């Protein structure tokens, strides 16, 4: 908070009384199904120390959630997006540097609750024959309650070096038709990994027995559209005013197969089965304030 | 957040010191009952890289929730809107591109709660005859609680390519007269799919035994009015400054029929029975900054 | 959100650097008790495509909650407002069109909660005579909880065509003196529809045995005052610059009667008994920017 | 609150009608994996008393969560980041002083709840043979409930002297696969410290039996990126207008080892095993308003 | 609220169209470990009645939480900060006066909940031999629940006279390792004051058996940094335009000692054992608008 | 809400394009310990109808919570602030009038919850000897829950006439060491009024057995600082332009005494024992726009 140090709010920010030349570059990768897009903005504040360039890799990455193989009614497979990644890199010989990046790791909290209860009890029982009975009792109880919120997909900022910074979205866990949350490492001795399972002991075809993509999370089938911001700073006295960047939009898929053993369906998951990578190289012209490729 | 990178807020946005020529086109499709409307805005910022055009397909799509067929008092049908869709497309030979789209897939969270309880107990019982008894006991308890929020209709952004982007609203589930949430795949061995069922064993006519549209969700009967935004960017050095777009407003209906078997009503649902499509082609004039059709 | 597409906020809105000529027309319908009022605003933005006119039918519609008929102490009636409606229409031969309307159908959500509990138990019992007993036990529990919020009156936007758009407010359900929520279709074999019932087996007069209007909802007795906005767009090259509109303020009442059968009061409801309609025709002068009637 | 003393809001803040010369210095420490960065801003308000300089050590510190040693399948180790630290210091002979620092210790609250319950009971039991029995009972209950929120990592502001100020982020506690929160001092007679333990009695290799970094907190593996602000004030009549600062980015790691004793895994933690320090010295030029190194 | 009296918001505030000369004075007390700082602002509004000066004693006071004495393994002591205080005073012969002070005593609320439950019960029991039994029962329950939030440290504004105003932060209560909240007056016949106790019957050294400062509150070890505002008003026609102020930063520590009696540790607390005071005198020059010392 | 009548927000407020001459008067009453202060503001808007003057009696009133009398170890007294009051009055012959006053009585709400539960039960019991038993049962439950929030002190606006307006803060109730809320009229046959009681049957001195002022509410010991606003309007054509006001800061104390009867302490409260009043008269000069005394 700028106002908590008694400084007038917005005083220390950069971008005042200057013209920024924005831009946009859109490209679609038919082979990998990644509608990648970057939104740049050249800021050169005289009161600042270095030339600035903020790059927002908005884009969109498809989900690719479908049944790839079926072998009769006995067994079938499924490929689902385990993780989405997008990273920017600079050549080792380059002079520009990575300064900031908005989406960053944040500390997560949890509730906690301790309970203690004392009790007392006493009743008098009687019947027709005149018998009279008594009872005196007491009890204690101690309880611990802990609650927290866990998303389906968890965004992470991989350790950013000076030249490359990258983000990552992984599959935390999912709830299958109101059943408890399942994850890639979940296992059951009878049924196995019941993550994308429709019915435990249905009589349908193996390929038919899979969770409806509408029922599952949206990111599995319709994909994940990132919104990540990074700023590159270049010294204004550098000999060479041209820079190259690489943008990658890799996606990792897993193999989920269920098998009809004797009576019930048994599901098995094989993590990190395929990876689809789409890298494109852009060129920066600091003198002309335009990035084109 | 722009202010989290120490950049002054609003610096990187586009639209400063320029005039935008907005517009409006309204058309009603009597056959399909779709009051479609698009709201465009031509933005040409000199500091930007490409000409811009944001299109907001506000419109409105009717619900069409009514009983289509009745066969005596034994059985009757019902057509209800399973899903609403609206998509924009560009010709394959076009030079413009789709850049951004506001409503996008978002990660959904869930609560979780673990409980543990220890107990102790002890009572002393006595009667008139001098008998004295005792009792010492203990207990343990482990509990898992998981809660989440689920809407009636779920909006989804279908994987947007470079030329076409489309949204989709599907029927997640509904609560029937305070009874548990039902969906298209819900089944009961006795009653069947009780989604749009008034009384389980009523003596009324089959056509009369259907849930009141007022009781059900508003989108089923009065329809769904979208609000979706997309921006098309065209290079300012292109030879041809005219572009064509197609806007579709398709709606998918399902067939819900209940049948009087012997004593109780039995309901059956047939998903994706009908689809109504309304496509209109617009023309863009970048040089004159007007879209007309 | 305009700022989520990287466009500067408020850029695409219409109404900048222009003068809007507002207005007001107030009329009271003594026969129907409807204090109707419309608030118009003529916006002609040069950068826009069509002339604009936003109409806000604020007004007010009375409730008319009273006992209409009494027949001795054995039976009596009651008329209460089941639904309030207000709709605007344009002639079929007109050239103007309906573009937008603020209050629109919205998707409604619901909570859901699944619980699972394991238990264990064990006690040792002894008495004076040296008898020693034991007990070991366990238990399981599964629970489903679903909660949602339901208003007394539910506003709905009837499917708007190109020429007419109308809203609707209906009676969802009401709580009678802390008793469970009742609605028009509620039925009890003994008492019947206990919606507006004071005492189940009171000895008072039939007309006296009705729920106090203060206890019931405010809209039943003091009426409902709408606030609905609609915008009409007219091409600026049209030959005729005069337009006519019709505004209707219809209200629907139901007949609730309770009858003393032998020991207890029995209540019956007859939906859609009366309708009061108040239609007024206004004239629009686009050239002079004034609506008068 | 400035407005609560009847002073106009923002009147007492500093930074009005002046130009601030910001800056940026980025450096990466390959040996320690610390992407350190500082963002300075020189404010010289004529109406103020001293020259100002606010330093924001944004940077980023990696996590370094990995298995360092394995000795067969019997035992293996693990190094995880116990605490992250970042501190600024001034030479003892310097004339500048540390004035303010935004992130500061805050008081933490807790809920509390007291419950009291009275009860009464009575039943009548009878059988075929005409025996009639009775029972009258009562009970009391007293309960205390206390709940609070505890984060995984806790940021602390070490006692700031005139010359040096430093912050600190420590490992409060973590939840292991829905099991109760564990910390460095947690101990179990059978299993030991089960903090980073996958399975209690798994048959896998010792190195394989460790909690997945994705399952654990993000700061453990992907590191912690600070955002801390400090302002240095220098008298404007000082003879020497040059100042030196030191910035340290130390990180402390702990040694977690699990051992297979006879049947189950036993985990042991050794706090404060390694510390990685990265100190860099900057030079301040108040006359030229630039910090360079 | 200014707008609730129909006055335009901000009209009655002071500070419009004037220049305020702020300032800063920083001093560190090595002996007492108090980094004291004051931030003044001279406001002389012509439309106001008196010259103004708002003083913000931001500063910082250390915690000083450490074991001062140990006597073998049998007993040891501990000094912890019981309360932090900061107060401003004016000479009795002075002409200036204290007008306002932002942090002030506020009324605290509490929840309350009353519950009432009626019950009924009935079961039929039978066995093989044809015996039939019955049971009819009922119960009542009354419950009172009261919940409130209590912080660890409680800030208080001591009764401000015309010449001196002072604040105070005291130790309300603390939770020790999830155990119930303890305070200075808490007592247990067996263990005593278990406030800063690690293990009830540990075998470690007495000095070692103390709560980790990280586990305890942050203010105990890293200290408390105040933020308090006060405004001094001086008549503009006074003969003498120079004023003196005194600022005190006293801190009170308590003595917590645990003793190994025979089997378990016993803890005793001695409140108000030491007080550290740091008073500095400043001089105000109203004519020159500067406070220096 | 100004914007809900379609009027532009802030249009109807008063204070536009005018200069307000504020002021401040501070006085301390050593005898009664009341640091009273008033903050006036003269507003004369030409577009308004009357001259305005808003008076804010900020001030501060001490608590005066102390033991006044002790008689050995058998009994002792206590004086605590039961209520704080502050009121303004005008002479009966004056021409000015009281117009508005911000803190005003507000309606308070409460939650309510009705619960209904149905149950069913059935178990089968068997033993070694072949005996088989059964049991079928059911139960019902009805519950009413009502919760609300109640502060320790309750501010009230006494009925304001044309010449005088006054506020009042009373002692609603307090929680004594986690025990149920007690008030002045609370009574117990054994212990009596246990409001400010330390221990029920402690062996300490009577004067020592009183609740610590830190444990009790802050307003009891450190006092209550009001913030109340009132505006006085005077006709601009009046013959006499001078007005007199009276400001009172009365405080009411109660006598709480506990007595050692035979085994336990018994507490008694005597409401409205003392009242301390501090009235000061101010003079208003409308022509010169200054209030001085």
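A, B, C, D, E and F label the chains in the order they appear, each numbered from 1.
FYI, contacts are C-beta pairs under 8 Å (C-beta built on N, C-alpha and C of every residue); 3 or more make two chains touch, one makes a residue touch a chain.
Going by UniProt, the chains are A, B, C, D, E, F = Alpha-hemolysin.
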item: Between chain B (Alpha-hemolysin) and its twin chain C (Alpha-hemolysin), rotation from the CA superposition, multiple of 5 degrees; value: 50
item: Gap in Å, rounded to a whole number, between the CA centres of chain E (Alpha-hemolysin) and chain B (Alpha-hemolysin); value: 51
item: Interchain centroid distance [CA atoms averaged], chain C (Alpha-hemolysin)/chain F (Alpha-hemolysin), Å; value: 41
item: Residues of chain D (Alpha-hemolysin) whose C-beta touches two or more other chains; value: 6, 12, 14, 22, 100, 112, 114, 116, 121, 135, 144-146, 148, 180
item: Which chain pairs touch, all of them; value: A-B, A-C, A-D, A-E, B-C, B-D, C-F, D-E, D-F, E-F
item: Interfacial residue positions of chain E (Alpha-hemolysin) with respect to chain A (Alpha-hemolysin) in the complex; value: 22, 39, 56, 178, 180
item: Sites on chain D (Alpha-hemolysin) touched by chain F (Alpha-hemolysin) in the complex; value: 6, 112, 114, 116, 144
item: Chain F (Alpha-hemolysin) - residues contacting chain E (Alpha-hemolysin), complex; value: 10, 12-16, 19-28, 30, 33, 35, 37, 41, 43, 52, 54, 58, 60, 62-63, 100, 102, 121, 130-153, 155, 175, 180-181, 212, 214, 217-219, 222-225, 229, 231, 290
item: Partner chain B (Alpha-hemolysin), residues of chain C (Alpha-hemolysin) touching it in the complex; value: 1, 3-9, 11-12, 14, 45, 47-50, 97-100, 104-129, 135, 144-146, 148, 154, 156-163, 170, 185, 233
